[PDB]
Amino acid sequence: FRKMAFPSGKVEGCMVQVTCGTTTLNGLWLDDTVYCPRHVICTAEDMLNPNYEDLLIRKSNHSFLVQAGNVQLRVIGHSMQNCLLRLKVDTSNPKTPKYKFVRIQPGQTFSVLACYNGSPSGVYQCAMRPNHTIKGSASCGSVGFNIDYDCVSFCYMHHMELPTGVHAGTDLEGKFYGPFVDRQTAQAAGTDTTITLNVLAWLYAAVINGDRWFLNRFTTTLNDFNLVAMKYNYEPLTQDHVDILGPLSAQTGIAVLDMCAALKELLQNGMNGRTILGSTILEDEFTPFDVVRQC
Amino acid sequence: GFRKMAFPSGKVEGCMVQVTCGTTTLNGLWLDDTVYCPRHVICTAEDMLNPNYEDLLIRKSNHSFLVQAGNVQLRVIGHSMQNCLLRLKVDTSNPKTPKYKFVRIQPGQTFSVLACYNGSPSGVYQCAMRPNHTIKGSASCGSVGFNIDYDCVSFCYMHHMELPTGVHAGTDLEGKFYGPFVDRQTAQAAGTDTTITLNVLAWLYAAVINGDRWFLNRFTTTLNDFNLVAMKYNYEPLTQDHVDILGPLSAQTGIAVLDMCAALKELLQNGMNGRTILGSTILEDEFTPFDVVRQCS
């Protein structure tokens, strides 16, 4: 049951290079606008206590250098929206796909098109951690997206690498995910818990395929499970979660709480040599939506 | 954090079509005015027990082959069989054809797969070529494997058969299978799978480069003594060629190849113990020395 990102094609044509002063980074070119982190306007010293409005007012259109492949785009306007830079260019992207800007919940998944200086380097699948970080390659301006039907739902953009080695970022409106800001400082990251809803979905996917060895005759309640789960650093399971797993429950024939009683035993005992879907560990980067879709 | 990145899939996306013959429907590769697909598209469920492909192909004409490039049907103007590949010739040449080459990769080497169903891409993933000549984790037949080399696309794989264990078997783009596998429904002997040592060692060098070096030590080992332990923990034997190939990674970190073998020895024998390498509790083996240097430079 492979990870599998989305086909990157439609996003590839939207990836541009933005340079201001001494720093280069990636930008998202949709219609006649380029989006990128606002910290591009900042130098080394600037990033310690940046005043974004002040640093921008002494910058003109000519300061920003945009390049799409080896075509240099002409930037005729510039504005700042939250933590993003909106760069108005003279041309409308001929490769603009059907697109949406969405904000996603922690635990949800998307694909990232990792780019170096505008050129697409690689595509991978990840999940927004419960602590709002993205564990990654270490970039900047690289966007995160899902593809529904013919529409691309851009939901993420990489901004900062935190002292811990994880990556923070914003949505495509400039609002950050989690308590993070765009300045070089100490930044307090929350507990990175396991996405319980995702583990169960993955365990359901195992039942659909062949692996049924972990199922048992044990029974549990919602509170009994959480009490065992939170001991092993698992995110508390809610009634909303079990409802979300409802349609997966009907297909497999295994009631959510029985699956919880299966996970409970798995956490307490470990897997003891055995594998699930060819994996030695429990996987938590597949949503219930990912499981139904990839089966 | 370290990510098993697949190559961008845009260049390959515009090459994906579906082929139909009777009831059977699968994916095909449309490059220039030729379409490549698995030859078992010309087989009914019954046929797959003992398929005489020669006797079944002569039974067909262009008429019987339907090719769909998205919402567009393509009329086929000729057909032939190259090994396990069906080769249909079409009236139009694909305008979205990228600079390409066909290659036969060696076991332990990685590539990207664009999972496709009924000619439509749904996802892309990165995998290695297992020492037992299999791959795992997709979804449909006709889906291709590839590397991206700047502007050129090197196709090296195509899915043909789904083995009973879950694993997949396929051919290169000349139609030659990888391993002893065949396009027919029978036993099909998938043997011992082994960890790719060369790939793990490159991943350990990738860990040092990023800064994570807790696993290191100063107790250098012999090639013989390492290989003895490697066999017991089900790893591929390390050869002098592997040591040569791990050259640049040894030079750049300043850690000798044999010392990293001594590091891996301890990890195999003792484990990580709650500690992680690049964010993993498992030793990864789907990153070639080439992949590491690519993402680290």
# chains A, B, ... in the order shown; residues from 1 in each chain; ligands from 1
$ residues_around --residues "residue 281 of chain B" --least-positions-apart "6" --cutoff "12 Å" --atoms "only C-alpha atoms" --output "list in words"
residues 279, 280, 281 and 282 of chain A; 1, 267, 271, 272, 273, 274 and 275 of chain B
$ select_by_dssp --residues "segment 75-177 of chain B" --states "strand (DSSP E)" --output "PyMOL selection string"
chain B and resi 76-82+85-90+99-102+110-117+120-128+144-149+152-162+168-171
$ atom_distance --atom1 "atom CA of residue 197 of chain A" --atom2 "atom CA of residue 236 of chain A"
9.1 Å
$ interface_residues --of "chain B" --to "chain A" --cutoff "8 Å" --atoms "only C-alpha atoms" --output "list in words"
residues 1, 2, 3, 4, 5, 6, 7, 8, 9, 10, 11, 13, 114, 121, 122, 123, 124, 125, 126, 136, 137, 138 and 139 of chain B
$ select_by_dssp --residues "segment 149-235 of chain B" --states "alpha helix (DSSP H)" --output "VMD selection string"
chain B and resid 197 to 210 223 to 232
$ residues_around --residues "segment 47-50 of chain A" --least-positions-apart "3" --cutoff "8 Å" --atoms "only C-alpha atoms" --output "list in words"
residues 39, 42, 43, 44, 55, 182, 183, 184 and 185 of chain A
$ closest_residue --among "A:18, A:115, A:237, A:263" --to "residue 195 of chain A" --atoms "only C-alpha atoms"
A:237
$ closest_residue --among "A:153, A:238, A:249, A:139" --to "residue 25 of chain A" --atoms "only C-alpha atoms"
A:139
$ atom_distance --atom1 "atom CA of residue 175 of chain B" --atom2 "atom CA of residue 83 of chain B"
4.8 Å
$ atom_distance --atom1 "atom CA of residue 248 of chain B" --atom2 "atom CA of residue 211 of chain B"
17.3 Å
$ residues_around --residues "residue 265 of chain A" --least-positions-apart "6" --cutoff "12 Å" --atoms "only C-alpha atoms" --output "JSON, numbers by chain"
{"A": [213, 214, 215, 216, 217, 218, 219, 220, 225, 228, 229, 232, 258, 259, 271, 272]}
$ closest_residue --among "A:96, A:193, A:81, A:91" --to "residue 129 of chain A" --atoms "only C-alpha atoms"
A:193
$ residues_around --residues "residue 173 of chain B" --least-positions-apart "5" --cutoff "8 Å" --atoms "only C-alpha atoms" --output "PyMOL selection string"
chain B and resi 85+102-104+155-158
$ residues_around --residues "residue 60 of chain A" --least-positions-apart "2" --cutoff "10 Å" --atoms "only C-alpha atoms" --output "short mmCIF file (atom, residue, chain, number, x, y, z; two decimals) with N, CA and C atoms, in the first residue's frame"
data_model
loop_
_atom_site.label_atom_id
_atom_site.label_comp_id
_atom_site.auth_asym_id
_atom_site.auth_seq_id
_atom_site.Cartn_x
_atom_site.Cartn_y
_atom_site.Cartn_z
N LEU A 56 9.36 46.91 2.60
CA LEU A 56 8.69 46.87 1.31
C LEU A 56 8.55 48.25 0.68
N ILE A 57 8.30 49.27 1.51
CA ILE A 57 8.04 50.63 1.03
C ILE A 57 9.21 51.23 0.24
N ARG A 58 10.43 50.80 0.57
CA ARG A 58 11.63 51.24 -0.15
C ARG A 58 12.02 50.28 -1.28
N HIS A 62 10.94 46.88 -9.80
CA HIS A 62 12.18 46.46 -10.46
C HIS A 62 13.05 45.59 -9.56
N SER A 63 12.82 45.67 -8.25
CA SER A 63 13.58 44.92 -7.26
C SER A 63 13.34 43.41 -7.34
N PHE A 64 12.13 43.04 -7.75
CA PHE A 64 11.72 41.63 -7.80
C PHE A 64 11.95 41.02 -9.18
N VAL A 75 7.22 42.29 -13.90
CA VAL A 75 6.42 42.55 -12.71
C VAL A 75 6.01 44.03 -12.64
N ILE A 76 4.71 44.28 -12.80
CA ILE A 76 4.19 45.64 -12.91
C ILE A 76 3.49 46.13 -11.64
N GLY A 77 3.44 45.27 -10.63
CA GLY A 77 2.85 45.61 -9.34
C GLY A 77 3.30 44.67 -8.24
N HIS A 78 3.19 45.14 -7.00
CA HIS A 78 3.52 44.33 -5.83
C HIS A 78 2.69 44.74 -4.62
#
$ decode --residues "segment 140-280 of chain B" --atoms "C-alpha atoms" --output "compact mmCIF listing (two decimals), in the first residue's frame"
# COMPACT_ATOMS: atom_id res chain seq x y z
CA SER B 140 -2.89 -0.92 -12.88
CA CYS B 141 -1.24 -2.73 -15.84
CA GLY B 142 0.60 -0.60 -18.39
CA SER B 143 1.82 1.87 -15.77
CA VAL B 144 5.45 2.77 -16.48
CA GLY B 145 8.63 3.23 -14.43
CA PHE B 146 11.15 5.97 -15.19
CA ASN B 147 13.93 8.38 -14.23
CA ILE B 148 14.03 12.05 -15.24
CA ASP B 149 17.44 13.17 -16.52
CA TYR B 150 17.14 16.97 -16.88
CA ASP B 151 14.96 17.10 -20.01
CA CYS B 152 15.16 13.41 -20.96
CA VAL B 153 12.89 10.64 -19.65
CA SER B 154 14.45 7.19 -19.23
CA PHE B 155 11.71 4.54 -19.21
CA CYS B 156 12.88 1.36 -17.47
CA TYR B 157 9.73 -0.48 -16.36
CA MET B 158 6.11 -1.40 -17.15
CA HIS B 159 3.66 -3.29 -14.91
CA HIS B 160 2.40 -6.55 -16.26
CA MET B 161 1.50 -9.07 -13.54
CA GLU B 162 0.22 -8.92 -9.96
CA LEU B 163 1.74 -11.71 -7.85
CA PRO B 164 -0.35 -13.52 -5.16
CA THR B 165 1.66 -12.01 -2.29
CA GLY B 166 0.89 -8.43 -3.36
CA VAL B 167 4.11 -7.75 -5.29
CA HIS B 168 4.21 -6.77 -8.97
CA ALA B 169 6.21 -8.06 -11.93
CA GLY B 170 6.97 -6.31 -15.22
CA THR B 171 9.20 -5.69 -18.23
CA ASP B 172 11.56 -3.03 -19.55
CA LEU B 173 10.43 -1.10 -22.64
CA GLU B 174 11.89 -3.66 -25.04
CA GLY B 175 9.50 -6.24 -23.54
CA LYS B 176 12.00 -8.35 -21.59
CA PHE B 177 10.75 -9.35 -18.13
CA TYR B 178 12.68 -8.67 -14.96
CA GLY B 179 13.30 -12.01 -13.23
CA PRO B 180 11.87 -15.46 -14.13
CA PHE B 181 8.30 -14.12 -14.45
CA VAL B 182 5.91 -14.57 -17.38
CA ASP B 183 2.60 -13.09 -18.53
CA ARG B 184 0.42 -16.05 -17.50
CA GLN B 185 -1.67 -17.15 -14.50
CA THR B 186 0.34 -19.84 -12.65
CA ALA B 187 2.51 -20.58 -9.59
CA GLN B 188 5.20 -17.95 -10.39
CA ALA B 189 8.11 -18.41 -7.95
CA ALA B 190 8.90 -15.21 -6.01
CA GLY B 191 12.01 -16.09 -3.97
CA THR B 192 14.01 -14.60 -1.09
CA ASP B 193 13.80 -10.83 -0.73
CA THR B 194 16.85 -9.07 0.69
CA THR B 195 17.77 -5.60 1.95
CA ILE B 196 19.91 -3.53 -0.43
CA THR B 197 23.06 -2.85 1.62
CA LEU B 198 24.53 -0.29 -0.82
CA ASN B 199 21.31 1.74 -0.51
CA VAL B 200 21.29 1.65 3.31
CA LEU B 201 24.93 2.78 3.44
CA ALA B 202 24.10 5.72 1.14
CA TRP B 203 21.18 6.61 3.42
CA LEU B 204 23.52 6.55 6.44
CA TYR B 205 25.85 8.94 4.59
CA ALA B 206 22.74 11.04 3.85
CA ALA B 207 22.09 11.08 7.61
CA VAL B 208 25.62 12.32 8.41
CA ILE B 209 25.42 15.04 5.73
CA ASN B 210 22.26 16.42 7.36
CA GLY B 211 24.00 16.29 10.77
CA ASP B 212 22.50 13.20 12.42
CA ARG B 213 25.57 11.09 13.33
CA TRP B 214 24.80 9.26 16.61
CA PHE B 215 25.20 5.84 14.95
CA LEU B 216 28.88 6.41 14.04
CA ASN B 217 31.85 4.77 15.81
CA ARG B 218 35.62 4.24 15.54
CA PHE B 219 35.71 0.42 15.33
CA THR B 220 36.42 -0.24 11.61
CA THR B 221 35.49 -3.67 10.17
CA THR B 222 36.69 -6.06 7.46
CA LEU B 223 34.73 -6.55 4.21
CA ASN B 224 34.61 -10.28 5.02
CA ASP B 225 33.52 -9.76 8.64
CA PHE B 226 30.81 -7.29 7.62
CA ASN B 227 29.48 -9.57 4.87
CA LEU B 228 29.20 -12.49 7.31
CA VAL B 229 26.96 -10.42 9.61
CA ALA B 230 25.07 -9.00 6.61
CA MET B 231 24.02 -12.52 5.46
CA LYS B 232 22.71 -13.42 8.94
CA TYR B 233 20.49 -10.30 8.99
CA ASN B 234 19.33 -10.98 5.40
CA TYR B 235 21.29 -8.29 3.53
CA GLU B 236 22.77 -8.34 0.03
CA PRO B 237 26.52 -9.12 -0.01
CA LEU B 238 28.69 -6.01 -0.27
CA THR B 239 31.16 -6.07 -3.17
CA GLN B 240 34.29 -4.05 -4.01
CA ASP B 241 32.19 -2.35 -6.71
CA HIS B 242 29.77 -1.12 -4.03
CA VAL B 243 32.72 0.32 -2.07
CA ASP B 244 33.97 2.11 -5.22
CA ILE B 245 30.50 3.54 -5.91
CA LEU B 246 30.23 4.83 -2.32
CA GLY B 247 33.40 6.85 -3.04
CA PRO B 248 32.08 10.44 -3.36
CA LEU B 249 29.87 9.95 -0.26
CA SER B 250 32.87 8.66 1.71
CA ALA B 251 35.03 11.57 0.52
CA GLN B 252 32.50 14.32 1.29
CA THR B 253 31.58 13.24 4.85
CA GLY B 254 35.15 12.12 5.55
CA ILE B 255 33.98 8.70 6.77
CA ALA B 256 35.57 5.55 5.30
CA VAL B 257 33.24 2.99 3.70
CA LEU B 258 34.39 0.17 6.01
CA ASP B 259 33.76 2.34 9.09
CA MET B 260 30.15 2.91 7.98
CA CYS B 261 29.90 -0.87 7.56
CA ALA B 262 30.99 -1.11 11.20
CA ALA B 263 28.29 1.46 12.04
CA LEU B 264 25.66 -0.61 10.20
CA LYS B 265 26.94 -3.79 11.89
CA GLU B 266 26.16 -2.30 15.31
CA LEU B 267 22.75 -1.02 14.14
CA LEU B 268 21.86 -4.48 12.81
CA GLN B 269 23.05 -6.26 15.95
CA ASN B 270 21.84 -3.78 18.60
CA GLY B 271 19.08 -1.67 17.03
CA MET B 272 18.34 2.06 17.20
CA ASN B 273 16.61 1.99 20.62
CA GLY B 274 13.97 4.74 20.41
CA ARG B 275 16.49 6.87 18.51
CA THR B 276 15.85 7.84 14.88
CA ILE B 277 17.94 8.24 11.72
CA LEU B 278 16.61 11.08 9.51
CA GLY B 279 13.24 10.70 11.30
CA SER B 280 12.92 6.94 10.80
